[PDB]
Amino acid sequence: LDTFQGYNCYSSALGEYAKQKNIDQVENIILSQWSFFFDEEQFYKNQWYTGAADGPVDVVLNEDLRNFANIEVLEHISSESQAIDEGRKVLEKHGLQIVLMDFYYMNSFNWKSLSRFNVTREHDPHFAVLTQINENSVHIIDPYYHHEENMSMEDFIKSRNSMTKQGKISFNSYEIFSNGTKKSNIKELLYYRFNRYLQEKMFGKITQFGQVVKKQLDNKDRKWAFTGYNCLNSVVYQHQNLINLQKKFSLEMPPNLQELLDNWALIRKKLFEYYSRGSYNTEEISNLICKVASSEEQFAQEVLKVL
Ligand SMILES: *C(=O)c1ccc(O)cc1
């Protein structure tokens, strides 16, 4: 499909809703995001431990949407008995419902395409955009993976009432709401993000990620490398969104933005290879991560200087 990518599952869902219904401000606020996190506790619990944002809900993006656009993303919780009639009302009023779903039931990505035939099924929260309720099925978009599908009513209800690795889903839905949308200018969105990235030392979390990778040389369980590969797609997507913003709005950027994107892509390639090819190159991967930390810090300072 030609869906809004955003930079993560949550932002893809909000942006796809905003794109379809030409809701102002949402897309530009998502596409200007500049963030990195690292959670060492999540690393050792096999949760999505790095990349743009903790999840599944990007609470930082919710704050940016409130503060810049006066846009609230309201969490709704429902029950098995009420959830579908709630959906019918939402589809009549708004045409789309953003729902939290256990990815275990979504087909979305084909790992056999990348020669990974033994991908373990995992109970992991994800987002879908519900477009249609039938008597025994629903139609959903996964905008993050540019995928749409018909799901059985049984599988849809199961997926929305699942205990996952990152919490209990109870028919959670997300409403984009405003009392009165506020306008922002593209340089204002970027200055705020790049200053916050430096003030909160987000480049430091890249270095922390690097330091933990160095310490996995004897870890027989390489799942962390696969999890890391998936988590860092959000960073590649932010780099691509900033290049796109630069072209669209004729912005002055530091000259090494595509180089940095290429650096993150190589880290992702090396983690995927480490996961599956049995190599002993934790030090090589750690070194690349610790280098990109330094380049990203200098990049953020250069954005503030030249923008
Ligand atoms: C997004 O929420 C998401 C969740 C899980 C996988 O595997 C991929 C994407």
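By convention here, the first residue in the shown sequence is residue 1. Both backbone and side-chain heavy atoms feed into the values below; hydrogens, waters and symmetry mates do not.
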How about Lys112: does its NZ atom have over 12 heavy atoms from other parts shown lying under 6.0 Å from it? no
Side-chain donor/acceptor of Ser162 to backbone N/O of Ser159, under 3.5 Å: no
Verify side-chain contact (heavy atoms from CB on, under 4.5 Å) between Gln246 and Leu242, making sure each step is shown before the conclusion. CA-CA 6 Å; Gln246 178 187 12; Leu242 184 57; 5.8 Å; no
Do the side chain of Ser137 and the main chain of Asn134 share a donor and acceptor less than 3.5 angstrom apart? no
Start with the C-alpha distance between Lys223 and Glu122, add both sets of side-chain angles, then the distance that settles salt bridge (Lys or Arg N to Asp or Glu O under 4.0 Å), and finish with yes or no. CA-CA 12 Å; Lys223 195 70 159 301; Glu122 292 227 77; 3.2 Å; yes
Could you check whether atom NZ of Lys19 has more than 12 heavy atoms from other residues, nucleotides or ligands sitting under 6.0 Å from it? yes
What is the ring orientation for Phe43 with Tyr49, classed by angle as parallel under 30°, tilted 30 to 60°, or perpendicular over 60°? perpendicular
Write down the atom of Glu302, the atom of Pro254, and the distance for their closest heavy-atom approach. CB-CG, 3.5 Å
Under the side-chain contact (heavy atoms from CB on, under 4.5 Å) rule, what do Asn172 and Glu75 come out as? Steps first, then yes or no, please. CA-CA 7 Å; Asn172 304 60; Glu75 178 176 58; 3.1 Å; yes
Could you tell me if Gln240 and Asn244 have a donor-acceptor pair between their side chains, going purely by distance under 3.5 Å? yes
Looking only at non-hydrogen atoms, find the nearest pair between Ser12 and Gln5 and report the distance. CB-O, 3.3 Å
Is any side-chain heavy atom of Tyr7 closer than 4.5 Å to a side-chain heavy atom of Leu31? no
More than 12 foreign heavy atoms under 6.0 Å from CD of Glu63: is that the case here? yes
Using side-chain heavy atoms (C-beta onward) and a distance below 4.5 Å, is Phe109 in contact with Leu114? yes
Only pairs under 3.5 Å count here: list side-chain donor-acceptor contacts from residues 81-100, not counting sequence neighbours, and write none if there are none.
from  : atom 1 : to    : atom 2 : distance (Å)
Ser81 : OG     : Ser79 : OG     : 3.4
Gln82 : OE1    : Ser79 : OG     : 2.9

Just checking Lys182: does its NZ atom have more than 12 heavy atoms from other residues, nucleotides or ligands closer to it than 6.0 angstrom? yes
Could you walk me through whether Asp39 and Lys205 pass the salt bridge (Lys or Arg N to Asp or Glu O under 4.0 Å) test, one step at a time? CA-CA 8 Å; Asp39 186 328; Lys205 295 296 164 66; over 6 Å; no
Any residue meeting side chain to side chain contact (heavy atoms under 4.5 Å, CB included) with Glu297, in chain and number order, not counting sequence neighbours: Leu198, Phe203
Rounded to the nearest 0.5 Å, the NZ atom of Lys247 sits from the CE atom of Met253 at a distance of 12.5 Å
side-chain contact (heavy atoms from CB on, under 4.5 Å) with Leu190: which of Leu245, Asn195, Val303, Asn185? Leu245
Does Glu283, at its CD atom, have more than 12 non-hydrogen atoms belonging to other residues, nucleotides or ligands within less than 6.0 Å? yes
For atom NZ of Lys183, is the number of surrounding heavy atoms from other residues, nucleotides or ligands below 6.0 Å larger than 12? no
Can you tell me how far OG1 of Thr181 sits from CD1 of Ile71, rounded to the nearest 0.5 angstrom? 4.5 Å
Look only at the side chain of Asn161 and the backbone of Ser170, and say whether a donor-acceptor pair between them is shorter than 3.5 Å. no
Run the side-chain hydrogen bond (donor to acceptor under 3.5 Å, both in side chains) check on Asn233 and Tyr237 step by step: do they pass? CA-CA 6 Å; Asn233 214 0; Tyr237 287 149; 3.3 Å; yes
Yes or no on ring-ring contact (aromatic ring centres under 6.0 Å, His included) for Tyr274 and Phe226, after CA distance, side-chain angles and deciding distance? CA-CA 9 Å; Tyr274 176 82; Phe226 179 69; over 10 Å; no
Grab the two heavy atoms, one from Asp142 and one from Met106, that are nearest each other, plus how far apart they are. OD2-CE, 3.4 Å
Could you go through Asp102 and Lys165, starting from their C-alpha distance and side-chain angles, then the distance that decides it, and tell me whether this counts as salt bridge (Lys or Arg N to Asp or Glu O under 4.0 Å)? CA-CA 10 Å; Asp102 187 351; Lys165 298 157 43 188; over 6 Å; no
Show the nearest heavy-atom pair for residues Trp34 and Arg193, with the distance to one decimal. N-CG, 3.7 Å
Derivation and outcome, side-chain hydrogen bond (donor to acceptor under 3.5 Å, both in side chains), residues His239 and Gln258: CA-CA 8 Å; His239 280 68; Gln258 181 70 58; over 6 Å; no
Are the charged groups of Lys269 and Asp262 less than 4.0 angstrom apart, N to O? no
Compute both the distance and the angle, then confirm whether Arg268 meets the cation-pi test with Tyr229: under 6.0 Å from the six-membered ring centre, within 45 degrees of the axis. yes
Supply the atom-to-atom distance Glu273 CD to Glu284 CD, rounded to the nearest 0.5 angstrom. 8.5 Å
Cation-pi check for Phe272 against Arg116: NZ or CZ below 6.0 Å from the six-membered ring centre and within 45 degrees of the axis, yes or no? yes
State yes or no: are the ring centers of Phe127 and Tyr174 separated by less than 6.0 Å? yes
CD1/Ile243 to CG/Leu261 distance, rounded to the nearest 0.5 angstrom? 5.0 Å
Work out which heavy atom in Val235 is nearest to a heavy atom in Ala52; give both atom names and the distance. CG2-N, 4.1 Å
For the atom pair CZ (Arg160) and OG (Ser173), what is the distance rounded to the nearest 0.5 Å? 6.5 Å
With side-chain contact (heavy atoms from CB on, under 4.5 Å) as the test, would you mind laying out the steps for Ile140 and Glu149 before giving the verdict? CA-CA 6 Å; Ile140 59 156; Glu149 56 159 304; 3.8 Å; yes
Let's go through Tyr275 and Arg222 carefully: what are the C-alpha distance in whole Å and the side-chain angles of both, what is the deciding distance for side-chain hydrogen bond (donor to acceptor under 3.5 Å, both in side chains) to 0.1 Å, and is it a yes or a no? CA-CA 6 Å; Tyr275 170 62; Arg222 297 187 170 211; over 6 Å; no
All heavy atoms of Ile157 vs all of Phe171, minimum pair found to be O-CE2, 3.7 Å
Quick one, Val73 and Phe177 - any side-chain contact, counting heavy atoms below 4.5 Å? no
If you apply the rule ring-ring contact (aromatic ring centres under 6.0 Å, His included), what do you find for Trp264 with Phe36, and how did you get there? CA-CA 12 Å; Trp264 282 107; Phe36 195 93; 5.6 Å; yes
Separation of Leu271 CG from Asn230 CG (nearest 0.5 Å): 10.0 Å
Given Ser184 and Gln25, is the side-chain contact (heavy atoms from CB on, under 4.5 Å) satisfied, shown in steps? CA-CA 7 Å; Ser184 300; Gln25 296 303 302; 4.0 Å; yes
Walk me through it: do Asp124 and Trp48 pass the test side-chain hydrogen bond (donor to acceptor under 3.5 Å, both in side chains)? CA-CA 9 Å; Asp124 268 5; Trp48 286 51; 3.2 Å; yes
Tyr145 and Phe103: aromatic ring centres closer than 6.0 Å? yes
Is the ring pair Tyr192/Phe68 parallel, tilted or perpendicular, if the boundaries are 30 and 60 degrees? perpendicular
